[PDB]
Amino acid sequence: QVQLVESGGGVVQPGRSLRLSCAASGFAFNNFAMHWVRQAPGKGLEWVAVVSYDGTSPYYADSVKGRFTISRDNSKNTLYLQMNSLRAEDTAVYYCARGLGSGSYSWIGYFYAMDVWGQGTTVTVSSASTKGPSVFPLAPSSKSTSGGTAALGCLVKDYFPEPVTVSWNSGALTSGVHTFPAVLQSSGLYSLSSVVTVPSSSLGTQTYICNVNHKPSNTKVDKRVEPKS
Amino acid sequence: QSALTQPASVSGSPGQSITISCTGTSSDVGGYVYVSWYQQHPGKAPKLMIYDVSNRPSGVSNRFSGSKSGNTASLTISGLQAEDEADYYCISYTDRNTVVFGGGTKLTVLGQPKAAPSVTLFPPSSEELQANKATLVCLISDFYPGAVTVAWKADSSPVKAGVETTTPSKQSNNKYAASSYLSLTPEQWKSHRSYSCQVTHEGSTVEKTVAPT
Amino acid sequence: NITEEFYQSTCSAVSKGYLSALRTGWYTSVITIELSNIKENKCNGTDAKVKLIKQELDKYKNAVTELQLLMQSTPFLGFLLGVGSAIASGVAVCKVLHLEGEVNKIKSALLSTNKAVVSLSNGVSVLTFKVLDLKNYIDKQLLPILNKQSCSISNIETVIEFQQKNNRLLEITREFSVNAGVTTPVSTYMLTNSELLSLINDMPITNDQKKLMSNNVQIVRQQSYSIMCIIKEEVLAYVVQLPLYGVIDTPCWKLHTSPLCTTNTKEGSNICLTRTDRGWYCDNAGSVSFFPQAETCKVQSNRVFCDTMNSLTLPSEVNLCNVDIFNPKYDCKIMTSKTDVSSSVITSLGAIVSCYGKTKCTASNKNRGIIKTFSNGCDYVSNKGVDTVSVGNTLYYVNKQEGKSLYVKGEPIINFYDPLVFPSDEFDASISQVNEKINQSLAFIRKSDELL
Ligand SMILES: *[C@@H]1O[C@H](CO)[C@@H](O)[C@H](O)[C@H]1NC(C)=O
Ligand SMILES: *[C@@H]1O[C@H](CO)[C@@H](O)[C@H](O)[C@H]1NC(C)=O
C-alpha cells in the first residue's frame with residue numbers, strides 16, 4: 001500500500017522552532033520526490049517546499065525561503081520539514097505529498113506535480129493560554145424588527161482553546177438556530193457567534209438566553225438577549 | 001509567489017458540462033505544459049485529476065478533461081454528478097523554479113434553487129462598549145450556493161482592518177450561512193457617520209447600514 | 001650563490017649551492033563536479049538557437065556516458081633504484097569513494113559551500129573541492145528555457161553561456177580518455193591556478209611549505225596526478241594527488257662525470273675510466289639522497305625539485321669520492337672500457353671535454369671566435385667568456401648561468417694503472433672491485449714464479 005503518514009500534531013508558541021515528520025511505506029522511497037503543501041483554515045492550498053530523490057537539490061516558496069528547511073533520509077523512508085521563527089500565519093494543515101515522476105532527476109520541473117498525498121497534521125501556533133470566554137448579547141434593532149422575521153443572537157468573544165458549545169433556552173429552541181464556525185482573531189483567541197430567527201410579534205413576550213459552555217476553561221455563562229429602546 | 005486567478009464559485013446541474021478557469025502569466029501557465037488540476041473533498045486530502053494539460057491517471061473518469069489556451073488552463077467536467085461537488089485547484093511550474101497554486105474554486109451541483117442572501121448588521125452592544133471594545137457583526141444566512149464575498153465600508157470609504165470572515169457553512173435547512181466581524185475601538189465606532197456591510201452573492205449585492213445614533 | 005669545482009684527477013665536476021625541495025609524501029584531494037540528470041526533450045523545434053542548445057546537450061550527455069565507461073576500470077646507476085606505485089595513495093582514497101553513501105557525504109557536505117573537509121569512513125580527512133556546478137546551472141538557468149511550450153530561445157547569450165560552462169567538462173573527459181583515467185602533469189582543466197593555490201592554502205601543512213608550492217605551481221603540476229575515480233549519483237569525482245615536500249632547503253649538489261682515457265698515439269692501446277655515480281645528491285636526515293636519473297629533477301633558479309621515489313639513501317661518506325676517489329671509507333663507483341671516444345659534458349657553470357684520438361675539440365666566444373683548442377685528455381673550461389664548445393661534429397652551447405668555477409689541478413688518475421692487468425671490461429665496477437681484480441691477475445703471475 002502506498003501511504004504517507006505524518007505525525008507530531010502538537011502546539012507551539014510563536015518564535016519557536018518546530019520539526020515536521022512524514023513516514024512512507026509501500027514504494028521505493030529513494031526514487032521519488034517529496035512535496036510539502038500547507039492549507040490555512042478555510043483558505044486555499046499553498047505550496048511550501050520540494051526535495052529531490054536524494055535531498056541534494058531542494059526548492060522553497062518565495063513566501064517561505066530562509067525560514068523553513070526541508071530534508072530527507074532515505075535510510076529511514078522519512079521526510080522532514082524544519083520550521084524556525086514561527087508566526088501566526090503558519091497555522092495550517094501541512095500535507096505530505098509525493099512527486100509525479102520516478103527517476104534520479106534533480107529539477108523541480110520534472111516532478112512539479114503530486115500524486116500520492118498524506119493525511120496531514122494540524123500545526124497550530126499560538127501564544128495564548130487557556131482563557132474563559134465572554135458573551136455579549138446581539139440584540140435585535142427595534143426599528144428593523146417589525147418585518148415578520150426577527151434576528152438576534154449571542155457573541156462569544158476572546159476564548160481559548162476550542163471548542164465551545166451554545167444552546168438556546170437550555171435546549172428548548174432548535175428551530176431556525178445556526179451556530180457559526182469559530183474564527184481566530186489577531187490576538188490568538190477565538191471568537192464565535194450564534195443566532196436564531198425569531199417571530200417578530202413575540203420579541204417582548206419571550207425570554208431568549210444562550211447557554212454558552214466552555215468546558216476546557218470550566219466556564220458556563222448564560223446571557224439574556226433583549227431588545228433596547 | 002503570485003497566485004493563479006481562479007473563479008471563486010462555479011454552479012452546475014447534473015448532466016451538464018462546466019469549465020473552471022486558471023489564469024496565469026507567460027512564466028507560470030502561459031509558457032509551459034506543466035499545469036495540473038486537483039480535486040479536494042472537505043476533510044479528505046486533495047486528489048490528482050489532470051496531470052499536465054490534459055493527461056489523466058487511472059481511476060478518474062472520461063468526464064474530466066483538461067485544456068489550455070493562451071495564459072488560461074481550463075478544466076471541463078462533462079455530465080455532472082453529486083460526487084463532483086468539491087473544491088478544485090490548479091498548480092503550475094512558475095519558471096522561477098517553484099510551484100504555485102490557484103485561488104480555488106468551489107463547484108456546487110444545484111440540488112436546490114438560487115437562494116438570495118439575507119443579511120443583518122449588529123452594532124456594538126451596550127455592554128460591549130463598557131469593555132473598551134467594539135465589534136460589528138454582519139451575518140449572512142439562507143443563501144445558495146455556499147460562496148459569498150463580504151465588504152465593509154465606513155461612510156463611503158472601504159475598511160479592511162480588523163475584519164474576519166468565516167467560511168460559508170450549512171444550516172439545519174440545507175442553506176449556507178456566513179459571518180463577518182469588524183473589531184474596532186469605542187473611539188472608532190462613535191467617530192463615524194455610518195458603517196455598512198456590503199455582501200455580494202451570485203452577482204447581486206445586498207447592503208445594510210448602522211449608525212451610533 | 002652558485003659554485004662549481006672541476007677535478008682534473010677524475011674528469012668530474014660538482015656544482016654546489018643549491019637548495020632542496022624533496023617530495024617525501026602525498027596529499028590526496030577529492031575534486032567533484034556536480035552533474036545534472038537530463039531526460040528527453042520532446043520538442044522537434046527547428047529554431048536555430050534550440051538546435052545549438054540541443055547539440056551542446058548531446059555533447060554533455062556523451063561526456064557523462066564516456067566517463068561512466070572509464071569509471072568501470074581500476075586506474076648510469078638508475079638500475080639500482082626500487083620500484084614504487086606512484087598513485088597507490090590516490091587510488092586508495094578513490095576505492096573508499098566507491099563505498100555506499102560515501103559520495104553522499106561529500107555531496108551534502110558541499111551543499112552550502114564549495115570547499116569543505118570531509119572525514120571518510122576509514123577515518124582519513126580529505127579536502128573536497130567542487131570546481132564546477134553544472135547541476136545548479138542546468139536546473140536553474142537552462143532547463144526552463146529549453147522546456148518552454150513555445151519551444152524557442154529568446155536570445156543568443158544563453159546558447160553561448162552554456163557552451164562556456166560545459167566546455168570544461170568536455171576537456172576533462174578528453175584528457176582522461178587518452179590517459180586511461182590518470183593524467184600527469186595536472187592540466188588547468190583539472191585544476192585552475194586559482195583552485196590549486198586555494199587548495200594549497202587550505203592544506204594542513206606549514207607556512208614554509210605553502211609558500212614554496214605557491215611560488216612553484218608549475219613544478220607542483222608536473223609532480224601531481226589526477227586519477228579519475230567515480231561518476232555516480234549526479235557527481236563526477238576525481239582524486240588529485242599533490243606532492244608533499246618533507247625536506248626543504250638542505251644543500252644539494254650535481255655531480256657531472258666524463259670518460260678519462262690515456263692519450264697514447266697507438267689507436268687501441270688506451271684504457272678509459274668513468275665515474276658512474278653522477279646525478280643529484282641532497283643532504284637528507286643525516287644521510288644523502290642520491291638521484292641517479294638526473295632528468296627526474298627540475299632545477300628552478302637554485303631550488304632543485306626531486307622525487308625520493310627515484311633516489312637511493314646513501315651514507316654521507318659518498319661525498320668523499322669527489323676529493324679522494326681512493327678513500328677507504330666509501331667504495332667509489334666507476335666503469336672501465338677501451339672505447340676512447342670523444343664527447344663533452346655541459347655542467348652547471350662550464351663544460352668538461354673528453355678529447356681523444358684525432359678529434360678536433362675547441363671552445364669559442366660569440367665575439368672573438370675560437371679562444372681555446374683542447375689537447376688530448378680530459379679538460380674543462382669555465383662559462384665566463386666562453387659561449388660554445390665543439391667536440392668533433394657536435395656543437396654544444398654552454399649554460400650562461402652566473403656563478404664562480406674552480407679548476408682543481410690534479411694528475412689524471414688513469415695514468416696510475418698498468419694496462420696489462422687493468423681490467424678494461426667492467427661496466428658496473430668500483431675502486432675496490434678494480435683493486436681485487438688486479439690482484440687476481442697479479443696472483444696468477446706471482447704464483448707462477450713461486451714454482452721457479
Ligand atoms: C652559498 O651561501 C650560503 C649562505 O652562506 C652557504 O650556506 C652556501 O654554502 C654557499 N654555497 C656554497 C656552494 O658554499
Ligand atoms: C689480493 O689483495 C686482496 C686485498 O689486498 C687480498 O684479500 C687477496 O687475498 C689478495 N690475493 C691473493 C691471491 O692473496
# chains A, B, ... in the order shown; residues from 1 in each chain; ligands from 1

$ residues_around --residues "residue A:68" --least-positions-apart "5" --cutoff "8 Å" --atoms "only C-alpha atoms" --output "PyMOL selection string"
chain A and resi 60+81-84

$ write_last_selection --atoms "N, CA and C atoms" --output "CSV table (one decimal), in the first residue's frame"
chain,number,residue,atom,x,y,z
A,60,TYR,N,12.2,26.0,-2.4
A,60,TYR,CA,11.3,26.6,-1.4
A,60,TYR,C,10.4,27.7,-2.1
A,81,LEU,N,10.6,18.6,7.7
A,81,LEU,CA,10.4,20.0,7.3
A,81,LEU,C,10.7,20.8,8.6
A,82,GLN,N,11.9,21.4,8.6
A,82,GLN,CA,12.2,22.2,9.8
A,82,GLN,C,11.6,23.6,9.6
A,83,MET,N,11.0,24.1,10.7
A,83,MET,CA,10.4,25.4,10.7
A,83,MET,C,10.9,26.3,11.9
A,84,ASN,N,11.5,27.4,11.5
A,84,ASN,CA,12.0,28.3,12.5
A,84,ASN,C,11.3,29.7,12.5

$ interface_residues --of "chain C" --to "chain A" --cutoff "10 Å" --atoms "only C-alpha atoms" --output "ChimeraX atom specification"
/C:35-39,104,107-108,110-111,135-136,138-140,143-144,147,233-234

$ write_last_selection --atoms "N, CA, C and O atoms" --output "compact mmCIF listing (two decimals), in the first residue's frame"
# COMPACT_ATOMS: atom_id res chain seq x y z
N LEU C 35 26.75 17.02 -11.53
CA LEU C 35 26.16 16.88 -12.85
C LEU C 35 24.65 16.90 -12.74
O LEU C 35 24.07 16.59 -11.69
N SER C 36 24.00 17.26 -13.84
CA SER C 36 22.55 17.30 -13.92
C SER C 36 21.96 16.10 -14.66
O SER C 36 22.47 15.67 -15.70
N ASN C 37 20.89 15.56 -14.09
CA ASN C 37 20.12 14.47 -14.67
C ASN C 37 19.16 15.11 -15.67
O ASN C 37 18.22 15.81 -15.29
N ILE C 38 19.41 14.87 -16.95
CA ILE C 38 18.68 15.47 -18.06
C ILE C 38 18.00 14.36 -18.84
O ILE C 38 18.67 13.50 -19.44
N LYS C 39 16.67 14.40 -18.83
CA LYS C 39 15.80 13.48 -19.55
C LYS C 39 15.56 13.98 -20.98
O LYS C 39 16.16 14.96 -21.43
N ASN C 104 27.59 10.44 -1.02
CA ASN C 104 26.54 11.28 -0.45
C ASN C 104 27.11 12.24 0.60
O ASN C 104 26.69 13.41 0.67
N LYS C 107 28.78 15.12 -1.13
CA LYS C 107 27.78 15.91 -1.84
C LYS C 107 27.02 16.80 -0.87
O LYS C 107 26.82 17.99 -1.13
N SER C 108 26.59 16.24 0.27
CA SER C 108 25.81 17.02 1.22
C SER C 108 26.71 17.98 1.99
O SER C 108 26.25 19.03 2.45
N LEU C 110 29.12 19.66 0.69
CA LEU C 110 29.37 20.77 -0.22
C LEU C 110 28.07 21.41 -0.71
O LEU C 110 28.06 22.06 -1.76
N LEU C 111 26.98 21.22 0.04
CA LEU C 111 25.70 21.77 -0.36
C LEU C 111 25.66 23.28 -0.16
O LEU C 111 25.12 24.01 -1.00
N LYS C 135 24.89 20.92 -12.35
CA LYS C 135 23.55 20.62 -11.87
C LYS C 135 22.79 21.89 -11.55
O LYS C 135 21.64 22.08 -11.98
N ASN C 136 23.41 22.79 -10.78
CA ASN C 136 22.76 24.05 -10.43
C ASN C 136 22.48 24.90 -11.66
O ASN C 136 21.37 25.41 -11.83
N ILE C 138 22.29 24.03 -14.97
CA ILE C 138 21.29 23.43 -15.84
C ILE C 138 19.91 23.50 -15.20
O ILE C 138 18.92 23.84 -15.86
N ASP C 139 19.82 23.18 -13.90
CA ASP C 139 18.50 23.18 -13.28
C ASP C 139 17.97 24.59 -13.08
O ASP C 139 16.75 24.81 -13.16
N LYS C 140 18.84 25.57 -12.83
CA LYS C 140 18.36 26.91 -12.54
C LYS C 140 18.41 27.87 -13.72
O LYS C 140 17.67 28.86 -13.71
N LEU C 143 17.19 24.72 -17.93
CA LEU C 143 16.05 23.82 -18.05
C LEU C 143 14.77 24.58 -18.41
O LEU C 143 14.06 24.15 -19.34
N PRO C 144 14.42 25.68 -17.73
CA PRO C 144 13.18 26.40 -18.10
C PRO C 144 13.18 26.90 -19.52
O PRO C 144 12.13 26.90 -20.18
N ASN C 147 12.67 23.78 -22.08
CA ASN C 147 11.42 23.05 -21.96
C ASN C 147 10.18 23.92 -22.18
O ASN C 147 9.07 23.42 -22.00
N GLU C 233 25.44 9.07 -8.92
CA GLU C 233 24.51 9.91 -8.16
C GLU C 233 24.74 11.40 -8.43
O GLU C 233 24.90 12.21 -7.51
N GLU C 234 24.75 11.74 -9.72
CA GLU C 234 24.89 13.12 -10.20
C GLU C 234 26.20 13.78 -9.78
O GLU C 234 26.30 15.01 -9.76

$ residues_near_ligand --ligand "ligand 1" --cutoff "9 Å" --atoms "only C-alpha atoms and all ligand atoms" --output "list in words"
residues 1, 2, 3, 4, 15, 16, 17, 18, 251 and 253 of chain C

$ select_by_dssp --residues "stretch 37-110 of chain A" --states "helix (DSSP H, G or I)" --output "list in words"
residues 88, 89, 90, 108, 109 and 110 of chain A

$ closest_residue --among "A:66, A:41, A:199, A:147" --to "chain B" --atoms "only C-alpha atoms"
A:41

$ closest_atom_pairs --of "chain C" --to "ligand 2" --cutoff "6 Å" --atoms "only C-alpha atoms and all ligand atoms" --output "tab-separated table"
residue	atom	partner	partner_atom_place_in_ligand_line	distance
C:436	CA	ligand 2	3 (C)	5.7
C:439	CA	ligand 2	1 (C)	4.4
C:440	CA	ligand 2	11 (N)	5.9
C:443	CA	ligand 2	13 (C)	5.0

$ write_last_selection --atoms "C-alpha atoms" --output "short mmCIF file (atom, residue, chain, number, x, y, z; two decimals), in the first residue's frame"
data_model
loop_
_atom_site.label_atom_id
_atom_site.label_comp_id
_atom_site.auth_asym_id
_atom_site.auth_seq_id
_atom_site.Cartn_x
_atom_site.Cartn_y
_atom_site.Cartn_z
CA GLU C 436 90.63 -7.02 -6.23
CA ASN C 439 95.30 -8.75 -7.56
CA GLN C 440 93.58 -11.79 -9.10
CA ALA C 443 98.44 -13.57 -8.25
#
